[PDB]
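**Q** Please find start-v8.cif (mmCIF, C-alpha atoms and all ligand atoms) on the next line:
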data_my_file
loop_
_atom_site.group_PDB
_atom_site.id
_atom_site.type_symbol
_atom_site.label_atom_id
_atom_site.label_comp_id
_atom_site.auth_asym_id
_atom_site.auth_seq_id
_atom_site.Cartn_x
_atom_site.Cartn_y
_atom_site.Cartn_z
ATOM 1 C CA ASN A 4 -7.382 21.878 52.656
ATOM 2 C CA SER A 5 -6.476 24.460 49.921
ATOM 3 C CA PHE A 6 -4.152 22.055 48.011
ATOM 4 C CA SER A 7 -2.420 23.330 44.785
ATOM 5 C CA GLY A 8 -0.454 21.487 42.102
ATOM 6 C CA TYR A 9 -1.782 17.938 42.587
ATOM 7 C CA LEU A 10 -2.431 15.420 39.787
ATOM 8 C CA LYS A 11 -5.641 13.365 40.109
ATOM 9 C CA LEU A 12 -4.769 9.607 39.744
ATOM 10 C CA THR A 13 -8.199 8.088 40.606
ATOM 11 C CA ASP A 14 -11.579 9.510 41.787
ATOM 12 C CA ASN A 15 -10.141 9.981 45.254
ATOM 13 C CA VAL A 16 -6.234 9.775 45.157
ATOM 14 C CA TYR A 17 -4.176 12.936 44.257
ATOM 15 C CA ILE A 18 -0.375 13.166 44.108
ATOM 16 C CA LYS A 19 2.265 15.930 44.192
ATOM 17 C CA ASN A 20 6.061 16.082 44.217
ATOM 18 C CA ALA A 21 6.396 18.015 47.484
ATOM 19 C CA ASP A 22 7.800 17.896 51.003
ATOM 20 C CA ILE A 23 4.875 16.941 53.287
ATOM 21 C CA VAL A 24 6.198 19.337 56.000
ATOM 22 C CA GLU A 25 6.077 22.240 53.546
ATOM 23 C CA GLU A 26 2.598 21.242 52.294
ATOM 24 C CA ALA A 27 1.294 21.146 55.896
ATOM 25 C CA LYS A 28 2.868 24.499 56.970
ATOM 26 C CA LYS A 29 1.255 26.274 53.984
ATOM 27 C CA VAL A 30 -2.130 24.495 53.695
ATOM 28 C CA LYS A 31 -2.793 23.795 57.497
ATOM 29 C CA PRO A 32 -5.066 20.820 56.507
ATOM 30 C CA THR A 33 -7.673 19.288 58.801
ATOM 31 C CA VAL A 34 -5.594 16.033 58.949
ATOM 32 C CA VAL A 35 -1.915 15.297 58.253
ATOM 33 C CA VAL A 36 -0.919 11.599 58.423
ATOM 34 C CA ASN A 37 2.271 10.524 60.168
ATOM 35 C CA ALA A 38 4.046 7.256 59.227
ATOM 36 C CA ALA A 39 4.468 6.198 62.875
ATOM 37 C CA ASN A 40 5.796 3.206 64.816
ATOM 38 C CA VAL A 41 3.859 1.514 67.669
ATOM 39 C CA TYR A 42 5.504 3.542 70.485
ATOM 40 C CA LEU A 43 5.154 6.876 68.586
ATOM 41 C CA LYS A 44 8.939 7.480 68.732
ATOM 42 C CA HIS A 45 9.491 9.927 65.855
ATOM 43 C CA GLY A 46 13.199 9.267 65.190
ATOM 44 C CA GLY A 47 13.588 9.120 61.418
ATOM 45 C CA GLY A 48 11.806 9.208 58.053
ATOM 46 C CA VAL A 49 8.591 11.283 57.730
ATOM 47 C CA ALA A 50 7.958 10.966 61.496
ATOM 48 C CA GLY A 51 11.268 12.639 62.403
ATOM 49 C CA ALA A 52 10.628 15.427 59.874
ATOM 50 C CA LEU A 53 7.073 16.143 61.107
ATOM 51 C CA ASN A 54 8.170 16.095 64.760
ATOM 52 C CA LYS A 55 11.170 18.421 64.088
ATOM 53 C CA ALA A 56 8.764 20.856 62.339
ATOM 54 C CA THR A 57 6.785 20.997 65.631
ATOM 55 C CA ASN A 58 10.069 21.582 67.590
ATOM 56 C CA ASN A 59 9.378 18.361 69.523
ATOM 57 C CA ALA A 60 5.868 19.308 70.659
ATOM 58 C CA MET A 61 4.576 16.217 68.765
ATOM 59 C CA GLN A 62 7.011 13.899 70.644
ATOM 60 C CA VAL A 63 6.073 15.235 74.116
ATOM 61 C CA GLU A 64 2.368 14.796 73.349
ATOM 62 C CA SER A 65 3.034 11.299 71.856
ATOM 63 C CA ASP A 66 4.930 10.178 75.023
ATOM 64 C CA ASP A 67 1.990 11.238 77.204
ATOM 65 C CA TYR A 68 -0.418 9.336 74.889
ATOM 66 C CA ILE A 69 1.705 6.172 75.218
ATOM 67 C CA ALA A 70 2.122 6.398 78.980
ATOM 68 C CA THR A 71 -1.720 6.633 79.337
ATOM 69 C CA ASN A 72 -2.949 4.353 76.547
ATOM 70 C CA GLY A 73 -0.097 1.980 75.745
ATOM 71 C CA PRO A 74 1.365 1.318 72.243
ATOM 72 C CA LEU A 75 -0.620 1.085 69.064
ATOM 73 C CA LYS A 76 -1.012 -2.147 67.123
ATOM 74 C CA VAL A 77 0.607 -2.588 63.624
ATOM 75 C CA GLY A 78 -2.166 -1.537 61.218
ATOM 76 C CA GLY A 79 -3.675 0.753 63.867
ATOM 77 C CA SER A 80 -3.813 4.530 64.463
ATOM 78 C CA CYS A 81 -4.577 7.329 66.901
ATOM 79 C CA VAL A 82 -5.619 11.009 66.452
ATOM 80 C CA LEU A 83 -3.506 13.608 68.255
ATOM 81 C CA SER A 84 -2.974 17.375 67.767
ATOM 82 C CA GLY A 85 -1.495 18.604 64.512
ATOM 83 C CA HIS A 86 0.181 21.518 66.379
ATOM 84 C CA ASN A 87 1.401 24.101 63.852
ATOM 85 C CA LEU A 88 1.013 21.670 60.912
ATOM 86 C CA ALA A 89 -2.698 20.716 60.868
ATOM 87 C CA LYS A 90 -5.814 20.581 63.063
ATOM 88 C CA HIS A 91 -5.050 16.893 63.804
ATOM 89 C CA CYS A 92 -2.281 14.367 63.142
ATOM 90 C CA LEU A 93 -3.463 10.817 62.320
ATOM 91 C CA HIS A 94 -0.530 8.615 63.471
ATOM 92 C CA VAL A 95 -0.755 5.380 61.411
ATOM 93 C CA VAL A 96 1.414 2.273 61.804
ATOM 94 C CA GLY A 97 2.184 0.379 58.584
ATOM 95 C CA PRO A 98 4.074 -2.937 58.793
ATOM 96 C CA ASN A 99 7.867 -2.856 58.927
ATOM 97 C CA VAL A 100 8.267 -5.677 56.389
ATOM 98 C CA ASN A 101 12.054 -5.555 56.947
ATOM 99 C CA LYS A 102 11.355 -6.905 60.479
ATOM 100 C CA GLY A 103 8.929 -9.627 59.289
ATOM 101 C CA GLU A 104 5.641 -7.781 59.915
ATOM 102 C CA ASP A 105 3.079 -8.979 57.354
ATOM 103 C CA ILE A 106 2.561 -6.904 54.271
ATOM 104 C CA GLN A 107 -1.220 -7.760 54.613
ATOM 105 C CA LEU A 108 -1.274 -5.233 57.438
ATOM 106 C CA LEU A 109 -0.612 -2.422 54.918
ATOM 107 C CA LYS A 110 -4.304 -2.694 53.892
ATOM 108 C CA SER A 111 -5.368 -2.393 57.608
ATOM 109 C CA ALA A 112 -3.066 0.641 57.915
ATOM 110 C CA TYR A 113 -4.661 2.452 54.937
ATOM 111 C CA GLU A 114 -8.193 1.556 56.215
ATOM 112 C CA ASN A 115 -7.651 4.178 59.021
ATOM 113 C CA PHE A 116 -7.713 6.983 56.382
ATOM 114 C CA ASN A 117 -11.407 6.135 55.630
ATOM 115 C CA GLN A 118 -12.364 7.702 59.013
ATOM 116 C CA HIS A 119 -11.439 11.183 57.590
ATOM 117 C CA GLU A 120 -12.959 12.928 54.545
ATOM 118 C CA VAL A 121 -9.717 14.675 53.450
ATOM 119 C CA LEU A 122 -6.093 13.836 54.370
ATOM 120 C CA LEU A 123 -2.568 15.044 53.502
ATOM 121 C CA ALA A 124 -0.407 11.900 53.665
ATOM 122 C CA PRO A 125 2.884 10.140 52.795
ATOM 123 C CA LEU A 126 3.158 6.574 51.330
ATOM 124 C CA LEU A 127 2.923 4.086 54.233
ATOM 125 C CA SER A 128 5.558 1.412 54.837
ATOM 126 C CA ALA A 129 7.813 2.941 52.133
ATOM 127 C CA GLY A 130 11.284 4.280 52.929
ATOM 128 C CA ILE A 131 12.673 2.924 56.283
ATOM 129 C CA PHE A 132 9.710 0.447 56.645
ATOM 130 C CA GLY A 133 11.015 -1.400 53.504
ATOM 131 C CA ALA A 134 7.890 -1.868 51.354
ATOM 132 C CA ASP A 135 8.085 -1.167 47.645
ATOM 133 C CA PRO A 136 6.582 2.373 47.271
ATOM 134 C CA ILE A 137 4.694 1.513 44.080
ATOM 135 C CA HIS A 138 3.107 -1.468 45.907
ATOM 136 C CA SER A 139 2.142 0.936 48.737
ATOM 137 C CA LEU A 140 0.445 3.321 46.244
ATOM 138 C CA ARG A 141 -1.473 0.263 44.734
ATOM 139 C CA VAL A 142 -2.753 -0.674 48.268
ATOM 140 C CA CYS A 143 -3.684 2.974 48.923
ATOM 141 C CA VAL A 144 -5.666 3.061 45.635
ATOM 142 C CA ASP A 145 -7.339 -0.387 46.331
ATOM 143 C CA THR A 146 -8.254 0.538 50.012
ATOM 144 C CA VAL A 147 -8.766 4.266 50.596
ATOM 145 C CA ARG A 148 -12.276 5.539 49.718
ATOM 146 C CA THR A 149 -11.948 9.134 51.081
ATOM 147 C CA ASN A 150 -9.934 11.950 49.470
ATOM 148 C CA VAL A 151 -6.201 11.595 49.953
ATOM 149 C CA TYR A 152 -3.516 14.093 48.855
ATOM 150 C CA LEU A 153 -0.201 12.258 48.716
ATOM 151 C CA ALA A 154 3.020 14.261 49.007
ATOM 152 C CA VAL A 155 6.046 12.443 47.552
ATOM 153 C CA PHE A 156 9.368 14.102 48.368
ATOM 154 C CA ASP A 157 11.724 12.326 45.911
ATOM 155 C CA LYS A 158 11.211 13.471 42.279
ATOM 156 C CA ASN A 159 12.601 10.189 40.826
ATOM 157 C CA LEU A 160 10.050 8.191 42.849
ATOM 158 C CA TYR A 161 7.214 10.647 41.993
ATOM 159 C CA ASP A 162 7.920 10.264 38.247
ATOM 160 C CA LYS A 163 8.006 6.445 38.591
ATOM 161 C CA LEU A 164 4.633 6.416 40.461
ATOM 162 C CA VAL A 165 2.924 8.706 37.881
ATOM 163 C CA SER A 166 4.289 6.655 34.926
ATOM 164 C CA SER A 167 3.129 3.367 36.590
ATOM 165 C CA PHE A 168 -0.309 4.821 37.609
ATOM 166 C CA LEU A 169 -1.020 6.570 34.234
HETATM 167 O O1 LIG A 201 7.860 10.724 49.605
HETATM 168 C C1 LIG A 201 9.017 10.134 49.620
HETATM 169 O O2 LIG A 201 9.922 10.379 48.846
HETATM 170 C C2 LIG A 201 9.152 9.134 50.745
HETATM 171 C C3 LIG A 201 8.486 7.777 50.436
HETATM 172 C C4 LIG A 201 8.046 7.228 51.784
HETATM 173 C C5 LIG A 201 8.436 8.268 52.815
HETATM 174 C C6 LIG A 201 8.457 9.604 52.047
HETATM 175 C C7 LIG A 201 9.138 10.753 52.758
HETATM 176 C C8 LIG A 201 8.630 12.045 52.647
HETATM 177 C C9 LIG A 201 9.231 13.100 53.264
HETATM 178 C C10 LIG A 201 10.393 12.919 54.043
HETATM 179 C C11 LIG A 201 11.069 13.953 54.718
HETATM 180 C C12 LIG A 201 12.178 13.671 55.454
HETATM 181 C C13 LIG A 201 12.618 12.359 55.520
HETATM 182 N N1 LIG A 201 12.029 11.344 54.909
HETATM 183 C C14 LIG A 201 10.913 11.614 54.163
HETATM 184 C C15 LIG A 201 10.269 10.543 53.503
#
Show the structure stored in the file as structure tokens.
Ligand SMILES: O=C(O)[C@@H]1CCC[C@H]1c1ccc2cccnc2c1

**A**
Amino acid sequence: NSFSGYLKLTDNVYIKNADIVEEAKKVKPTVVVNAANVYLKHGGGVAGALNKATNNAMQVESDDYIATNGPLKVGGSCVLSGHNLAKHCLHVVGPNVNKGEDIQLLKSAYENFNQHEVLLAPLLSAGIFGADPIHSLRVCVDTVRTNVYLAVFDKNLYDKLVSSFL
């Protein structure tokens, strides 16, 4: 949890223009959040990048979790190993609004972060999930009560979020 270069947006939300994989490899936080789907198949977006950085150890562990426990619900989460990236990975499922899942479930998704005092995380439901990223930051701000360090890869998006939040 030795984060460097973040800007404090609210009492508990911090943001940085950084690759979440690089932030995890250097900081080794207690919790890194994955933007997962219900079967924990880490094919693209942040999930694909985190899994590749574990050289597929995350996917093998995720497949065993699913075979034993079944899929997650949209808005739900599970805690698995963080492997070489963190102590734990909190796999959280935001709604895929491009497939008709309700945007209301983005609040339920962010509610999972409140179970952990400090988290390194991406924006949920943004990117391949189709939600507006600034809307996702607003829901994070309105819902998360614990300390969250958001890593935003794209500089154009980062600048847009900071201008809209400040
Ligand atoms: O922070 C961003 O710019 C986006 C917004 C929501 C998903 C974020 C993201 C971050 C790292 C990534 C690495 C690899 C691939 N996709 C990635 C996506």

**Q** Residues contacting ligand LIG 201 (chain A) - anything with an atom at most 8 Å away, using all atoms listed in the file - can you give me those as a PyMOL selection string?

**A** chain A and resi 20-24+38+47-53+125-131+136+154-158+160-161

**Q** Looking at A:19, A:86, A:138, A:94, which one is nearest to residue A:37, with distances taken over only C-alpha atoms?

**A**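 Of all the options, A:94 lies closest to residue A:37.
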
**Q** Using only C-alpha atoms, which of A:87, A:7, A:71, A:101 sits nearest residue A:33?

**A**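 Comparing A:87, A:7, A:71, A:101 against residue A:33, the winner is A:87.
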
**Q** Using only C-alpha atoms, determine which residues lie at most 10 Å from residue A:43, disregarding the query and same-chain residues fewer than 2 positions distant; provide the list as a list in words.

**A**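 In the requested format, the answer is residues 37, 38, 39, 40, 41, 45, 46, 50, 61, 62, 64, 65, 66, 68, 69, 74, 75, 81, 94, 95 and 96 of chain A.
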
**Q** Produce a file of the selected residues containing C-alpha atoms, as a compact mmCIF listing (two decimals), keeping the file's coordinate frame.

**A**
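Result file follows (out_0.txt):
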# COMPACT_ATOMS: atom_id res chain seq x y z
CA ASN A 37 2.27 10.52 60.17
CA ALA A 38 4.05 7.26 59.23
CA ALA A 39 4.47 6.20 62.88
CA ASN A 40 5.80 3.21 64.82
CA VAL A 41 3.86 1.51 67.67
CA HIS A 45 9.49 9.93 65.86
CA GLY A 46 13.20 9.27 65.19
CA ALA A 50 7.96 10.97 61.50
CA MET A 61 4.58 16.22 68.76
CA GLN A 62 7.01 13.90 70.64
CA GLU A 64 2.37 14.80 73.35
CA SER A 65 3.03 11.30 71.86
CA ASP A 66 4.93 10.18 75.02
CA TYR A 68 -0.42 9.34 74.89
CA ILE A 69 1.70 6.17 75.22
CA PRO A 74 1.36 1.32 72.24
CA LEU A 75 -0.62 1.08 69.06
CA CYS A 81 -4.58 7.33 66.90
CA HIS A 94 -0.53 8.62 63.47
CA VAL A 95 -0.76 5.38 61.41
CA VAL A 96 1.41 2.27 61.80

**Q** Since I can't run it myself right now, could you work out what the PyMOL selection byres (((chain A and resi 32) around 9) and not hetatm) selects here and report it as a PyMOL selection string?

**A** chain A and resi 4-6+26-31+33-35+88-91+121-123

**Q** For the residues in that selection, give me C-alpha atoms as an mmCIF file, in the coordinates of the input.

**A**
data_model
loop_
_atom_site.group_PDB
_atom_site.id
_atom_site.type_symbol
_atom_site.label_atom_id
_atom_site.label_comp_id
_atom_site.auth_asym_id
_atom_site.auth_seq_id
_atom_site.Cartn_x
_atom_site.Cartn_y
_atom_site.Cartn_z
ATOM 1 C CA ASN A 4 -7.382 21.878 52.656
ATOM 2 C CA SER A 5 -6.476 24.460 49.921
ATOM 3 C CA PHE A 6 -4.152 22.055 48.011
ATOM 4 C CA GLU A 26 2.598 21.242 52.294
ATOM 5 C CA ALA A 27 1.294 21.146 55.896
ATOM 6 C CA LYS A 28 2.868 24.499 56.970
ATOM 7 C CA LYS A 29 1.255 26.274 53.984
ATOM 8 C CA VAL A 30 -2.130 24.495 53.695
ATOM 9 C CA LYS A 31 -2.793 23.795 57.497
ATOM 10 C CA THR A 33 -7.673 19.288 58.801
ATOM 11 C CA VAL A 34 -5.594 16.033 58.949
ATOM 12 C CA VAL A 35 -1.915 15.297 58.253
ATOM 13 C CA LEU A 88 1.013 21.670 60.912
ATOM 14 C CA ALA A 89 -2.698 20.716 60.868
ATOM 15 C CA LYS A 90 -5.814 20.581 63.063
ATOM 16 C CA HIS A 91 -5.050 16.893 63.804
ATOM 17 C CA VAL A 121 -9.717 14.675 53.450
ATOM 18 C CA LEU A 122 -6.093 13.836 54.370
ATOM 19 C CA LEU A 123 -2.568 15.044 53.502
#

**Q** Record the distance separating atom CA of residue A:115 and atom CA of residue A:76, expressed in Å with one decimal.

**A** 12.2 Å

**Q** Looking at A:85, A:103, A:97, A:79, which one is nearest to residue A:139, with distances taken over only C-alpha atoms?

**A**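 Among the listed residues, the smallest separation from residue A:139 belongs to A:97.
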
**Q** Which residue, A:12, A:70, A:92, A:63, has the smallest gap to residue A:143 when you use all atoms listed in the file?

**A**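 That would be A:12, the residue with the smallest distance to residue A:143.
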